[PDB]
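Participant: Please find one structure pasted underneath; my questions will follow.
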Amino acid sequence: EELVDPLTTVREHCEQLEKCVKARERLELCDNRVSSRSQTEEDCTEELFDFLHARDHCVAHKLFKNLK
Amino acid sequence: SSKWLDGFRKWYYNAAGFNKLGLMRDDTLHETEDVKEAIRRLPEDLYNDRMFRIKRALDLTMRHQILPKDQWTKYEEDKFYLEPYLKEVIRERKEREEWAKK
Amino acid sequence: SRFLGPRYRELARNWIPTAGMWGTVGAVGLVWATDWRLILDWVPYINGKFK
Amino acid sequence: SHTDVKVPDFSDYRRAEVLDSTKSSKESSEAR
Amino acid sequence: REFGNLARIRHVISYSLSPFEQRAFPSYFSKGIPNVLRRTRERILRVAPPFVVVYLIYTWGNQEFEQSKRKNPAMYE
Amino acid sequence: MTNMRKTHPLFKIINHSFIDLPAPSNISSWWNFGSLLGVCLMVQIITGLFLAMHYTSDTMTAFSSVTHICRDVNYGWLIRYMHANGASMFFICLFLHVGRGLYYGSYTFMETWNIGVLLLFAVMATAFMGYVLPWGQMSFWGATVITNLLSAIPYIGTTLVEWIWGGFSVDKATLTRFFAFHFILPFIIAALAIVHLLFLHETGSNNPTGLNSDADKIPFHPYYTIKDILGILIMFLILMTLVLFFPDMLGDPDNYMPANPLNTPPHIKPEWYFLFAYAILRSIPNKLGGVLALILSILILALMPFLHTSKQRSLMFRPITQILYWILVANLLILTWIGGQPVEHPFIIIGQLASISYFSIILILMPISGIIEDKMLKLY
Amino acid sequence: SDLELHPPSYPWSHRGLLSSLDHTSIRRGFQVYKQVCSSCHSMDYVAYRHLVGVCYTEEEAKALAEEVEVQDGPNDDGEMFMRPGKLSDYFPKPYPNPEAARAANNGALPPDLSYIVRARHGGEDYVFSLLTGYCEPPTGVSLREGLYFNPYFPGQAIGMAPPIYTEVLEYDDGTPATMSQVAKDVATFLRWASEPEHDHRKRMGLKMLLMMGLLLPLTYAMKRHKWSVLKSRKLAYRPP
Amino acid sequence: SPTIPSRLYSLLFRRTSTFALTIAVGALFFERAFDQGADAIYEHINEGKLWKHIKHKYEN
Ligand code: HEC
Ligand code: HEM
Ligand code: HEM
């Protein structure tokens, strides 16, 4: 807890990147869509995968300079 | 009409590429038994001309080059020298096949 | 059309019995080599060995 | 005639050491 | 069949120079680049468009496959 | 004093076959691939000989033996990846060999073409059994796939698959007999290659223009000696960069797991050089129809010399048939790709149309193109 | 679902065509494997004799081989005894048979990590993404206990608990043992275990490119020299 | 006017036996020189990553 993670700093910076901002907007849209309905089989794996692809791509550009 | 067909034949003659090597249609005919009979029935000067044209085409293909556009053979000047000999050989072969069938 | 003609037709007619006998030779050899049940359970003697 | 048979010019392929017709050989053959 | 009696050739003269006396790369670029460009010009129309439509239907098939894996928002009623 | 080179019997056979052979002076780099195939065969023989020197054909010890070759044997990783990438290079050279034969009208050498087709079958069987040999997951499952596809034959298939299996599935006996066959069959390939070269030397060699090359012929040595040496050096460059930098892009990662009968792979595919036949067999929706489509799609190369309806041998002066041939090569690329991805939408219709177009081009469209090409050149 | 999440292309220190591995990173990854990953996974094709020469001194490898106890035998009366390990011994099995591994790991079988990089799509990128990609499941994805949501795992329901976190072990170099650092080190170690011939193969390739960049222009020059007789040959036809 | 290829031909490239001797001696010396140069290039590309670069920390 004392040692901050370079991983999570890069993660939050890539959240601040705007393509991932739009991806999180779709994520909350899917979350409210699924949560405001019972007896449904829809999950938010598609939007989560799109967000994770974009954000992990940003991380893969901009992570390993912080590691030894 | 016939003029459009002649023009399209000219375009195909340019697109075929054997005019760029100085060859002719009878030069580029594949040598089957009837074709070999036609070449053996050819006179001496036409035989020498054909073999020199084939040799020059092989040399140009070896060097991966073509003749200059001045020295390309033209569609109007493409002589059909092997056509009568080939037609006679085909006629004789068809006569032999008909006699063998009957 | 090289093989289509009266001389070739009658040559083929002469060669039907020989080709048919050769086909019979090949068929009998195939049954004997493979020990085919579907044929060999109809001849009298060879029925004995299959029990 | 066979006297009309003349060897064509080869200067587009020939090396620089023997490019001159008036200059003798056997002084650059070892180098080549 | 042997190298001595293959074909009958008359009145043909061949001239060749010594490899030790002529260059191995005689103007390799100046008349080498135009020859390659000429060969490409002669045989580019018969080769390229088939691979172009390979690329087109390759991209179309991958796009259609990914759209098939994409979920369809029509299950609500 | 005598000329020993053309007097000594073995020496005069070597001289008449390889040294003083009258070769066409204008054959391009596409004529290096026969010698490339021979050199690839020798490289495969040597590398597989060392792999079998350090390899055990036991189901329990096949994978551990392969790992022992890769890790413990000195440069055994180099030998194994030389073997695998040489199989990829062997099939590349085979495909370019067949492409040269189709484009430049070399199939008119009918017996040489048929011996080549038999060589192609033998090499495909050799490479299939060799891919089965490391006993990986994809090796075992591809073996089961191919043997069941053979078992699709009515009234013969079940007995033949039990006979080839040595049991009821791919197992100890199947792996051991596949090792024996994979060892022995390249020597049959070599003997058939001597037969191939013997028939070719009987008929002579073919020039790219398709004409009579006897007007201008040169000795094979030193011209094609140094040309084939340059081709061997370039082929070694590609093979060694494939071994030392990209050793797994033509391989399969699922082959690095032990063969589990209980666990299936996610997507089962054969090697990349079986992919067009795999795609057409997936395209025809019948087991007997699929295996017959595979068999006919390889035998149609032997059927090829009876489809020559043109008075020109090579496609050098045949632009319409050139376009059709390049569409055929493009369709083979599509078939390799469709064998790549699994059998889903739209790969169903893409593979079906690819197979139908492939057969239609190679059977119907090319002779019709040759006929109208002769009509356009005013031959009849 | 049926989708797969492709791991991204991370800039490893060995991703270049002439770049070798970071041997200190392989050391830290081996320490991570020994102190964390060895309790469930097996590495039966890698030994301490493989470790010596690229990561550890012979004495250090002997010490960390003798710190574990291995089963050996038989002795004179025929009884399986236990002895300290040696260099030639391989890494010890945490389970004697895969069925015991399935019993002790809630049905899931932990695969052998001697070829996992060469046997998974992506390799070390996949290993890094799987180890650092643990996240809460989204809405509508109900996962029973014993399974954890992981987007990079095919099927998205892995049977692996999150094995590494911040300060999960102590490094001997003083390197901060964060999640990303531990994952990168263990991915480098797993890449080495999958391809022990990595740096040697890269050196072979460098020598091959230098050698072939020497040979190919010169061999081409020899070919053009021999073929210069024909490529400059002139033909004349003189009929009478 | 005698150049370096001229001296090389007049001394070593004339006879086949001394040609082969030149090839063998050049093979020995070029094997050593090429191995040294390619190894040094590899070390300079991978400074600070190899075991021969990091063994001094963990030895003695
Ligand atoms: C016991 C709690 C384990 C620890 C410690 C480690 N792993 Fe593991 N792993 C474990 C199980 C039970 C499984 C099977 C899960 C499944 O659903 O199959 C795994 C699997 C893996 C895999 C394979 C993933 C795949 O898609 O095949 C990998 C690559 C993996 N584990 C990596 C890994 C590493 C690097 C570890 C050390 C940090 C590690 N695991 C520890 C059980 C356990
Ligand atoms: C192990 C397999 C093979 C070997 C060792 C082999 C060997 C050779 C060699 C050395 C040549 C002469 C060099 C050349 O023309 O490229 C040649 C040419 C030829 N090959 Fe093959 N070949 C093999 C497979 C095939 C296949 C698969 C085919 C066709 C389907 C084939 C058909 C031909 C033909 C027709 C020629 C003559 C080409 C010409 O005359 O120009 N061969 N082969
Ligand atoms: C005398 C000749 C040959 C012998 C003795 C031989 C032997 C072997 C052995 C022992 C293996 C197991 C090693 C391994 O799995 O990597 C193997 C694998 C293999 N063989 Fe051969 N082989 C020969 C020729 C060939 C030929 C001619 C081909 C293809 C044209 C071929 C293709 C393969 C392939 C693809 C593998 C799989 C390699 C892998 O998956 O890593 N082999 N062979």
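What follows is calculated from the coordinates using simple rules that are stated; it is not laboratory data. Methodologically, a virtual Cβ is constructed for each residue, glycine included, from the backbone with ideal geometry; neighbour enumeration extends over all protein chains shown.
Participant: With everything on Cα atoms, drop me the angle between helix E:48-69 and the longest principal axis of chain E, reported from 0 to 90° to the nearest 10.
Facilitator: Once rounded, one gets 20 degrees.
Participant: Which residue fluctuates most in the GNM of chain G (Cα springs below 10 Å): G:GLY159, G:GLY146, G:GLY123?
Facilitator: G:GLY146
Participant: In a GNM of chain E with a 10 Å cut-off on Cα contacts, which of E:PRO49, E:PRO19, E:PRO34 has the highest mean-square fluctuation?
Facilitator: Sorting by GNM fluctuation, first place goes to E:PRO19.
Participant: Also: For segment B:13-40 and segment E:9-47, what is the separation of their Cα centres, given in Å?
Facilitator: 23 Å
Participant: OK, next. Using only atoms on other chains, find how many Cβ atoms lie within 10 Å of each Cβ of peptide F:69-81 and report the average.
Facilitator: Shielding by partners across F:69-81 averages 3.
Participant: By average Cβ neighbour count within 10 Å, what is the ranking of F:309-322, H:40-53 from highest down?
Facilitator: Result, highest mean Cβ count within 10 Å first: F:309-322, H:40-53.
Participant: Which of F:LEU211, F:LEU242, F:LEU185 ends up with the largest GNM mean-square fluctuation for chain F, with Cα atoms connected below 10 Å?
Facilitator: Maximum fluctuation in the GNM of chain F, among the listed residues, is at F:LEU211.
Participant: So how do D:1-10, G:38-47 stack up, highest first, on mean other-Cβ count within 10 Å?
Facilitator: Details: D:1-10: 8.3, G:38-47: 19.4.
Highest to lowest by the protection proxy: G:38-47, D:1-10.
Participant: A further question on this structure: Hey, what angle do you get for helix A:18-35 against the long axis of chain A, alpha-carbon based, 0 to 90 degrees rounded to 10?
Facilitator: In chain A, helix A:18-35 runs at an angle near 30 degrees to the longest axis.
Participant: Here's another thing I want to ask about it. On C-alpha positions alone, give me the angle between the axis of helix A:6-16 and the longest principal axis of chain A, in degrees, nearest 10.
Facilitator: 50 degrees
Participant: Let me ask something else. For chain G, what is the mean residue ellipticity at 222 nm derived from helices alone (per DSSP H run of n ≥ 4: -39500 (n - 2.57); sum divided by total residues; nearest 500 deg cm²/dmol)?
Facilitator: The helix-only estimate for chain G comes to -12500 deg cm²/dmol at 222 nm.
Participant: Here's something else I'd like to know. A:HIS13 label point, 7 Å along Cα→Cβ, cut-off 15 Å on backbone N: hits in segment G:21-45?
Facilitator: none
Participant: May I pose another question? With an 8 Å Cα cut-off and a minimum separation of 6 or more residues, compute the relative contact order for chain B in percent.
Facilitator: It rounds to 41 percent for chain B.
Participant: 5 Å is the cut-off here: which amide hydrogens, built 1.01 Å from N in the peptide plane, fall below it relative to D:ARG14, excluding neighbours closer than 5 in sequence?
Facilitator: Amide H to amide H, under 5 Å and 5 or more residues apart or across chains, D:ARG14 pairs with E:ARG23.
Participant: Structure shown: which of D:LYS6/D:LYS26; A:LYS68/E:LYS71; G:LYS86/G:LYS207; D:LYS26/F:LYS6 lie over 31 Å apart, alpha-carbon to alpha-carbon?
Facilitator: A:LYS68/E:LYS71; G:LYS86/G:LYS207; D:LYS26/F:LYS6
Participant: Okay, next question. Would you tell me the mean number of C-beta atoms belonging to other protein chains that fall within 10 Å of each C-beta in G:104-117, as a whole number?
Facilitator: Per residue, the number of nearby Cβ atoms from other chains is 2 on average.
Participant: Using DSSP H assignments, which helices in chain F have an axial alpha-carbon span of 30 Å or above and a mean Kyte-Doolittle hydropathy of 0.5 or higher?
Facilitator: Result, helices passing both filters: F:76-103, F:110-132, F:172-203, F:223-244, F:319-340.
Participant: Using a Förster distance of 41 angstrom, determine the FRET efficiency expected from the C-beta separation of F:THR176 and F:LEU303, and round it to 0.05.
Facilitator: Approximately 0.70, to the nearest 0.05.
Participant: So what are the ³J(HN,Hα) numbers for segment G:182-187, from phi and the Karplus equation (6.51, -1.76, 1.60; θ = phi - 60°), rounded to whole Hz, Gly and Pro as x?
Facilitator: Per-residue couplings from phi come out as 5, 5, 5, 5, 6, 5 Hz.
Participant: Just to confirm a number: summing +1 for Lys and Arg and -1 for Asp and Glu over residues other than B:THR73 whose beta-carbon lies under 15 angstrom from that of B:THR73, what do you get?
Facilitator: Net local charge, B:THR73 excluded: +3.
Participant: Can you quote the Å³ per residue value for the convex hull of the Cα atoms in chain G, rounded to an integer?
Facilitator: Numbers: hull volume 65.9 nm³, N = 240.
Per residue, the Cα convex hull of chain G comes to 274 Å³.
Participant: For Cα pairs less than 8 Å apart in space and 6+ apart in sequence, what is the mean separation divided by the residue count of chain F, i.e. the relative contact order in percent?
Facilitator: 23 percent
Participant: Please compute the length gained on full extension between G:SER142 and G:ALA63, using 0.36 nm multiplied by the number of residues separating them and subtracting their Cα-Cα distance. List each step's numbers first, then the result.
Facilitator: Details: separation 79, 0.36 × 79 = 28.44 nm, distance 4.73 nm.
That pair, G:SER142 and G:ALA63, stretches by 23.7 nm at full extension.
Participant: Then there's this: Normalised by the residues of segment G:140-240, what does the relative contact order come to in percent, with Cα pairs under 8 Å and at least six apart?
Facilitator: Details: 36 pairs, mean separation 10.7, N = 101.
Value for segment G:140-240: 11 percent.
Participant: Still on this model: Sort B:84-94, B:46-56 for me by packing, meaning the mean count of neighbouring Cβ atoms within 10 Å per residue, highest on top. Mind showing how you got there, number by number?
Facilitator: Numbers: B:84-94: 14.4, B:46-56: 20.2.
In descending order of packing, they fall as B:46-56, B:84-94.
Participant: Just counting partner chain Cβ atoms within 10 Å, what average do the residues of peptide G:190-198 show around their Cβ?
Facilitator: 3
Participant: Given C-alpha coordinates of chain H, what is the ratio Rg to Rh with the Kirkwood estimate of Rh?
Facilitator: 1.34
Participant: Taking the Cα centroid of segment G:4-31 and of segment F:1-42, what is the distance between the two, rounded to the nearest whole Å?
Facilitator: 49 Å
Participant: Can you run phi through the Karplus equation (6.51, -1.76, 1.60; θ = phi - 60°) for segment C:9-16 and list ³J(HN,Hα) in whole Hz, with x for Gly and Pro?
Facilitator: Calculated HN-Hα couplings, in order: 4, 6, 5, 4, 5, 5, 8, 4 Hz.
Participant: Please list the non-local residues whose amide H lies under 5 Å from the amide H of F:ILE218, H modeled 1.01 Å from N, same-chain partners needing a gap of 5 or more.
Facilitator: Excluding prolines and chain starts, which carry no amide H, the hits are F:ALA23, F:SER25.
Participant: Can you list the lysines whose alpha carbon is less than 19 Å from that of F:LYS311, not counting same-chain residues fewer than 8 positions off?
Facilitator: Straight-distance partners of F:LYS311: B:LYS36, B:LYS79, B:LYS87, B:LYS94, F:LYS375, F:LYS378.
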